[PDB]
Number of protein chains: 2
Amino acid sequence: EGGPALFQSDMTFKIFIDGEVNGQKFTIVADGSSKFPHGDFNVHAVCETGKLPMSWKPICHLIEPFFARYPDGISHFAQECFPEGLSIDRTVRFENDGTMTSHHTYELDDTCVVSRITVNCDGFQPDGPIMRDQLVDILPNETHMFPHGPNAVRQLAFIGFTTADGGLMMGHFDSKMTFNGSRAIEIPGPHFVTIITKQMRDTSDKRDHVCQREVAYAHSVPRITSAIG
Amino acid sequence: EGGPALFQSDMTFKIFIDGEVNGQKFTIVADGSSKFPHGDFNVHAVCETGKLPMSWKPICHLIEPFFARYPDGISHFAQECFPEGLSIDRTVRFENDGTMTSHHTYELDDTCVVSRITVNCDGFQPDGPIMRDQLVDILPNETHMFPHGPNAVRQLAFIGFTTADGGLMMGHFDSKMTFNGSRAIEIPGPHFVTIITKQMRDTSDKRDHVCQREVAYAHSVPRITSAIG
């Protein structure tokens with residue numbers, strides 16, 4: 001084969017982000033380590049226009065669904081999209097603040113994964129927690145995956161960020177992964193992917209950047225057999 | 001504060017819902033039971049105005065967060081809420097359909113929680129799957145519970161329902177649970193409550209009713225410390 005067959009070796013991956021936020025175009029390149037059976041992987045990403053013009057927090061999701069660990073019995077869409085690869089459209093709407101809108105595309109490089117991304121960030125508060133970099137932590141979460149028509153899936157998530165003064169900035173994440181190819185592909189039934197993420201600027205680098213860790217795995221949930229028995 | 005002490009016995013509950021949908025009033029009354037350790041309780045619901053004019057499925061979250069089994073280490077906020085009690089303001093925005101707005105008060109009467117709810121459902125598509133009773137089941141979810149101000153927690157969820165043509169009706173659920181008391185109560189950290197829900201008709205009760213079983217348990221997700229391993 002195959003699709004998930006391709007993913008049984010250890011893996012590297014490459015991320016070319018080409019973003020902007022309220023005007024300031026920037027470029028971010030990152031590259032990647034994920035060891036079979038995946039589920040746990042770290043990213044080094046380097047801001048190539050020197051300094052990043054806003055927080056690195058909201059970048060987390062931008063910097064690899066195929067690397068989530070799936071149990072047998074839940075079909076691994078993101079992995080089955082290969083080799084044809086997949087695209088992603090995604091909005092994240094932060095309350096009383098801005099909206100990221102990414103478009104990602106992905107290509108397999110026999111055992112590498114090239115990821116090429118546009119992201120616009122607009123209507124954002126320049127005085128707010130993302131620009132003033134008042135974003136303390138990134139709450140873990142149970143993202144919801146749903147079958148989206150014949151060749152895609154949808155990922156819905158609430159992304160929690162803790163504010164300087166110990167509040168909460170809530171983001172609404174709506175993301176659609178679509179298979180590029182023409183052949184048939186199984187759309188898994190409704191499930192979840194748990195995503196746990198830790199971020200930080202690798203203190204030994206002259207150029208703005210960060211290291212990032214993510215644990216991410218799929219599960220389903222109980223079924224009820226009857227409403228009395 | 002001695003609220004969780006109270007819930008250490010087997011309780012009952014009674015619910016009065018005053019509803020309207022597309023300008024047509026309806027009333028639902030419910031009762032049920034939740035034996036310690038709780039988290040798997042059932043409710044018998046009856047429409048007091050004859051025939052309900054919409055699917056029963058979307059009524060599910062209306063007919064008891066204090067009956068979610070928590071584990072130690074997470075404050076079980078809806079339980080700390082007594083003896084005083086708690087209220088909920090909840091909105092469910094359905095994709096391309098209407099909104100359900102509800103206000104709930106909860107009172108404890110010895111070992112009975114009495115619930116009083118007014119809900120308004122507006123802008124619902126008359127030929128839609130909700131008004132045409134074409135919802136077929138309810139998808140299990142992972143609500144996300146966040147602490148909110150000094151007196152409240154916020155609950156956020158994707159509540160989906162399978163329609164009869166096997167598509168998906170998706171609700172954006174946003175709920176604020178407020179402590180009615182003037183003391184200070186412990187505001188738990190960000191966690192989750194998993195909810196599984198199933199409805200069935202008891203064929204002995206000739207009235208318009210549902211029996212609804214719910215499995216609900218809170219859990220939190222371990223927060224990675226090393227950005228390494």
# chains A, B, ... in the order shown; residues from 1 in each chain; ligands from 1
$ interface_residues --of "chain A" --to "chain B" --cutoff "10 Å" --atoms "only C-alpha atoms" --output "ChimeraX atom specification"
/A:40-43,138-144,146-149,156-160,166-168,170,190-192,194-200,202,211-215,220-229
$ residues_around --residues "range 64-68 of chain B" --least-positions-apart "2" --cutoff "7 Å" --atoms "only C-alpha atoms" --output "number ranges by chain"
B: 34, 38-39, 70, 78-79, 216-218
$ select_by_dssp --residues "range 120-170 of chain B" --states "strand (DSSP E)" --output "VMD selection string"
chain B and resid 120 to 122 135 to 138 141 to 148 152 to 163 168 to 170
$ write_last_selection --atoms "N, CA and C atoms" --output "mmCIF file, in the first residue's frame"
data_model
loop_
_atom_site.group_PDB
_atom_site.id
_atom_site.type_symbol
_atom_site.label_atom_id
_atom_site.label_comp_id
_atom_site.auth_asym_id
_atom_site.auth_seq_id
_atom_site.Cartn_x
_atom_site.Cartn_y
_atom_site.Cartn_z
ATOM 1 N N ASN B 120 -36.956 29.593 25.149
ATOM 2 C CA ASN B 120 -37.570 30.144 23.934
ATOM 3 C C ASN B 120 -36.837 29.615 22.699
ATOM 4 N N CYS B 121 -37.537 29.021 21.761
ATOM 5 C CA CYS B 121 -36.816 28.561 20.573
ATOM 6 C C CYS B 121 -37.258 29.433 19.409
ATOM 7 N N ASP B 122 -36.330 30.181 18.847
ATOM 8 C CA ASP B 122 -36.735 31.070 17.774
ATOM 9 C C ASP B 122 -35.933 31.003 16.486
ATOM 10 N N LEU B 135 -34.750 14.037 13.528
ATOM 11 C CA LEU B 135 -33.497 13.767 14.253
ATOM 12 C C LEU B 135 -33.567 12.369 14.819
ATOM 13 N N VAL B 136 -32.456 11.677 14.678
ATOM 14 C CA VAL B 136 -32.441 10.256 14.808
ATOM 15 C C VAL B 136 -31.626 9.805 16.009
ATOM 16 N N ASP B 137 -30.568 10.517 16.346
ATOM 17 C CA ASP B 137 -29.972 10.270 17.676
ATOM 18 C C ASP B 137 -29.114 11.430 18.117
ATOM 19 N N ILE B 138 -28.467 11.294 19.256
ATOM 20 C CA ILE B 138 -27.714 12.421 19.767
ATOM 21 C C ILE B 138 -26.257 11.973 19.881
ATOM 22 N N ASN B 141 -20.816 13.888 23.543
ATOM 23 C CA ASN B 141 -19.863 14.939 23.393
ATOM 24 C C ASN B 141 -18.888 15.080 24.530
ATOM 25 N N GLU B 142 -17.911 15.941 24.341
ATOM 26 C CA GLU B 142 -16.976 16.332 25.390
ATOM 27 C C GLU B 142 -17.169 17.801 25.673
ATOM 28 N N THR B 143 -18.126 18.139 26.503
ATOM 29 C CA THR B 143 -18.221 19.533 26.847
ATOM 30 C C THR B 143 -16.909 19.997 27.533
ATOM 31 N N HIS B 144 -16.559 21.258 27.324
ATOM 32 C CA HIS B 144 -15.429 21.898 27.950
ATOM 33 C C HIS B 144 -15.918 22.882 29.052
ATOM 34 N N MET B 145 -15.564 22.579 30.299
ATOM 35 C CA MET B 145 -15.940 23.374 31.472
ATOM 36 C C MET B 145 -14.784 24.255 31.837
ATOM 37 N N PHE B 146 -14.994 25.577 31.835
ATOM 38 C CA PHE B 146 -13.986 26.563 32.247
ATOM 39 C C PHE B 146 -14.460 27.366 33.470
ATOM 40 N N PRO B 147 -13.518 27.738 34.355
ATOM 41 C CA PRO B 147 -13.907 28.590 35.488
ATOM 42 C C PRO B 147 -14.214 29.969 34.934
ATOM 43 N N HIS B 148 -15.131 30.694 35.560
ATOM 44 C CA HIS B 148 -15.637 31.941 34.994
ATOM 45 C C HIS B 148 -15.967 32.939 36.098
ATOM 46 N N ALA B 152 -18.980 31.804 38.897
ATOM 47 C CA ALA B 152 -19.557 31.086 37.778
ATOM 48 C C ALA B 152 -18.587 30.182 37.042
ATOM 49 N N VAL B 153 -19.120 29.113 36.441
ATOM 50 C CA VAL B 153 -18.377 28.368 35.399
ATOM 51 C C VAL B 153 -19.106 28.379 34.042
ATOM 52 N N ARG B 154 -18.320 28.343 32.970
ATOM 53 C CA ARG B 154 -18.841 28.317 31.618
ATOM 54 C C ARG B 154 -18.739 26.910 31.038
ATOM 55 N N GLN B 155 -19.819 26.435 30.418
ATOM 56 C CA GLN B 155 -19.782 25.170 29.720
ATOM 57 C C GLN B 155 -20.075 25.341 28.219
ATOM 58 N N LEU B 156 -19.214 24.722 27.395
ATOM 59 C CA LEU B 156 -19.165 24.909 25.954
ATOM 60 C C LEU B 156 -19.104 23.560 25.295
ATOM 61 N N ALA B 157 -19.868 23.364 24.216
ATOM 62 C CA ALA B 157 -19.959 22.036 23.634
ATOM 63 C C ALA B 157 -20.391 22.134 22.198
ATOM 64 N N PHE B 158 -20.042 21.095 21.427
ATOM 65 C CA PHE B 158 -20.679 20.804 20.129
ATOM 66 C C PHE B 158 -21.712 19.675 20.302
ATOM 67 N N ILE B 159 -22.976 20.039 20.245
ATOM 68 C CA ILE B 159 -23.994 19.048 20.379
ATOM 69 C C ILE B 159 -24.507 18.729 18.962
ATOM 70 N N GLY B 160 -24.183 17.555 18.436
ATOM 71 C CA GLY B 160 -24.675 17.191 17.107
ATOM 72 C C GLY B 160 -25.784 16.175 17.227
ATOM 73 N N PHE B 161 -26.585 16.071 16.172
ATOM 74 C CA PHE B 161 -27.706 15.137 16.060
ATOM 75 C C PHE B 161 -27.710 14.626 14.598
ATOM 76 N N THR B 162 -27.850 13.319 14.430
ATOM 77 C CA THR B 162 -27.898 12.699 13.119
ATOM 78 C C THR B 162 -29.281 12.880 12.541
ATOM 79 N N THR B 163 -29.381 13.404 11.353
ATOM 80 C CA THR B 163 -30.701 13.513 10.786
ATOM 81 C C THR B 163 -31.113 12.193 10.093
ATOM 82 N N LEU B 168 -25.971 15.672 9.389
ATOM 83 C CA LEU B 168 -25.717 16.137 10.751
ATOM 84 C C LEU B 168 -26.284 17.504 11.062
ATOM 85 N N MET B 169 -27.091 17.594 12.108
ATOM 86 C CA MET B 169 -27.494 18.923 12.600
ATOM 87 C C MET B 169 -26.573 19.258 13.783
ATOM 88 N N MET B 170 -25.856 20.379 13.716
ATOM 89 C CA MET B 170 -24.893 20.755 14.734
ATOM 90 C C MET B 170 -25.295 22.005 15.549
#
$ residues_around --residues "range 1-3 of chain A" --least-positions-apart "2" --cutoff "9 Å" --atoms "only C-alpha atoms" --output "list in words"
residues 5, 6, 7, 79, 80, 81, 82 and 83 of chain A
$ residues_around --residues "range 94-110 of chain B" --least-positions-apart "3" --cutoff "6 Å" --atoms "only C-alpha atoms" --output "ChimeraX atom specification"
/B:85-91,113-125,170-171
$ write_last_selection --atoms "C-alpha atoms" --output "compact mmCIF listing (two decimals), in the first residue's frame"
# COMPACT_ATOMS: atom_id res chain seq x y z
CA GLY B 85 -28.43 26.84 44.64
CA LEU B 86 -27.54 27.77 41.13
CA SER B 87 -28.90 29.14 37.91
CA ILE B 88 -27.97 28.60 34.25
CA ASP B 89 -28.24 30.92 31.28
CA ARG B 90 -27.82 28.73 28.17
CA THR B 91 -27.91 29.40 24.39
CA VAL B 113 -33.49 19.01 43.10
CA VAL B 114 -36.35 20.93 41.64
CA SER B 115 -35.60 22.51 38.33
CA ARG B 116 -37.48 25.35 36.71
CA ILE B 117 -36.64 26.33 33.14
CA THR B 118 -38.02 28.75 30.65
CA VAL B 119 -36.83 28.17 27.07
CA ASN B 120 -37.57 30.14 23.93
CA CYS B 121 -36.82 28.56 20.57
CA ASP B 122 -36.74 31.07 17.77
CA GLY B 123 -36.08 31.24 14.10
CA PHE B 124 -36.47 27.50 13.73
CA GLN B 125 -36.90 26.22 10.14
CA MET B 170 -24.89 20.75 14.73
CA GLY B 171 -25.60 22.97 17.79
$ select_by_dssp --residues "range 20-221 of chain B" --states "helix (DSSP H, G or I)" --output "PyMOL selection string"
chain B and resi 57-59+65-67+77-80
$ write_last_selection --atoms "N, CA, C and O atoms" --output "tab-separated table (two decimals), in the first residue's frame"
chain	number	residue	atom	x	y	z
B	57	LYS	N	-35.36	15.44	20.51
B	57	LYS	CA	-33.89	15.28	20.67
B	57	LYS	C	-33.21	16.54	21.24
B	57	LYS	O	-32.47	16.46	22.21
B	58	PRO	N	-33.49	17.71	20.67
B	58	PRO	CA	-32.87	18.96	21.11
B	58	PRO	C	-33.29	19.38	22.56
B	58	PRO	O	-32.67	20.23	23.15
B	59	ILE	N	-34.32	18.75	23.11
B	59	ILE	CA	-34.72	18.97	24.49
B	59	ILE	C	-33.71	18.29	25.45
B	59	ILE	O	-33.67	18.60	26.65
B	65	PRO	N	-26.36	18.88	36.00
B	65	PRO	CA	-24.91	18.81	36.04
B	65	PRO	C	-24.39	18.30	37.38
B	65	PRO	O	-23.22	17.89	37.47
B	66	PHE	N	-25.24	18.33	38.40
B	66	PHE	CA	-24.80	17.96	39.76
B	66	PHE	C	-24.87	16.46	39.86
B	66	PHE	O	-24.43	15.87	40.84
B	67	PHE	N	-25.39	15.84	38.81
B	67	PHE	CA	-25.45	14.39	38.75
B	67	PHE	C	-24.35	13.78	37.86
B	67	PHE	O	-24.33	12.55	37.57
B	77	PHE	N	-18.25	21.93	41.03
B	77	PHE	CA	-18.94	23.21	41.17
B	77	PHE	C	-20.47	23.24	41.28
B	77	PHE	O	-21.01	24.01	42.08
B	78	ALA	N	-21.18	22.45	40.48
B	78	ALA	CA	-22.63	22.47	40.55
B	78	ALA	C	-23.07	21.84	41.85
B	78	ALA	O	-24.23	21.89	42.23
B	79	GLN	N	-22.14	21.19	42.51
B	79	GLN	CA	-22.50	20.49	43.73
B	79	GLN	C	-22.19	21.39	44.91
B	79	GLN	O	-22.96	21.45	45.85
B	80	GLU	N	-21.07	22.09	44.84
B	80	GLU	CA	-20.74	23.08	45.85
B	80	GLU	C	-21.83	24.13	45.92
B	80	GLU	O	-21.89	24.89	46.88
$ residues_around --residues "residue 25 in chain B" --least-positions-apart "5" --cutoff "12 Å" --atoms "only C-alpha atoms" --output "number ranges by chain"
B: 17-20, 47-54, 118-122
$ atom_distance --atom1 "CA of residue 28 in chain A" --atom2 "CA of residue 9 in chain A"
26.5 Å
$ closest_residue --among "A:22, A:12, A:33, A:27" --to "residue 126 in chain A" --atoms "only C-alpha atoms"
A:22
$ atom_distance --atom1 "CA of residue 186 in chain A" --atom2 "CA of residue 193 in chain B"
29.1 Å
$ residues_around --residues "residue 112 in chain A" --least-positions-apart "5" --cutoff "8 Å" --atoms "only C-alpha atoms" --output "PyMOL selection string"
chain A and resi 11-14
$ write_last_selection --atoms "C-alpha atoms" --output "PDB file, in the first residue's frame"
ATOM      1  CA  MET A  11       9.085  10.691  10.165  1.00  0.00           C
ATOM      2  CA  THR A  12      10.339  14.186   9.483  1.00  0.00           C
ATOM      3  CA  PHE A  13       8.189  17.041   8.383  1.00  0.00           C
ATOM      4  CA  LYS A  14       8.494  20.528   6.936  1.00  0.00           C
TER       5      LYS A  14
END
$ decode --residues "range 17-64 of chain A" --atoms "C-alpha atoms" --output "compact mmCIF listing (two decimals), in the first residue's frame"
# COMPACT_ATOMS: atom_id res chain seq x y z
CA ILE A 17 3.98 29.21 6.80
CA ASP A 18 3.41 32.48 4.93
CA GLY A 19 1.36 34.69 7.22
CA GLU A 20 0.44 38.26 8.11
CA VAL A 21 -1.55 39.94 10.90
CA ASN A 22 -3.23 43.33 10.39
CA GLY A 23 -0.59 44.06 7.72
CA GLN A 24 2.88 42.87 8.65
CA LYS A 25 3.65 40.02 6.27
CA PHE A 26 6.00 37.41 7.78
CA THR A 27 7.43 34.00 7.00
CA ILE A 28 7.82 31.02 9.30
CA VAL A 29 9.69 27.82 8.46
CA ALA A 30 9.58 24.81 10.77
CA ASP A 31 10.67 21.24 10.65
CA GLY A 32 9.68 18.14 12.40
CA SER A 33 10.17 14.99 14.32
CA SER A 34 7.60 12.32 14.95
CA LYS A 35 8.53 8.81 15.87
CA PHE A 36 6.25 5.91 15.10
CA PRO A 37 3.69 5.34 16.50
CA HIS A 38 3.49 9.13 16.69
CA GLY A 39 1.05 10.84 19.02
CA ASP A 40 3.94 12.64 20.67
CA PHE A 41 5.98 15.07 18.64
CA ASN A 42 7.81 18.39 18.93
CA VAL A 43 8.33 21.22 16.51
CA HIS A 44 11.10 23.67 15.92
CA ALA A 45 9.88 26.66 14.05
CA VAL A 46 11.84 29.71 13.13
CA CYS A 47 10.47 33.13 12.29
CA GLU A 48 12.34 33.90 9.02
CA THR A 49 11.34 37.58 8.93
CA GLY A 50 13.28 37.79 12.19
CA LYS A 51 10.75 38.73 14.81
CA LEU A 52 7.15 37.53 14.91
CA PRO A 53 4.70 40.54 15.11
CA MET A 54 2.37 38.77 17.53
CA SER A 55 2.21 35.97 20.09
CA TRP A 56 3.39 32.47 19.17
CA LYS A 57 0.49 31.03 21.15
CA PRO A 58 -2.21 31.20 18.41
CA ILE A 59 0.39 29.72 16.09
CA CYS A 60 0.35 26.36 17.81
CA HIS A 61 -2.31 24.79 15.57
CA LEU A 62 -0.54 26.08 12.48
CA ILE A 63 2.68 24.24 13.43
CA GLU A 64 0.13 17.96 11.84
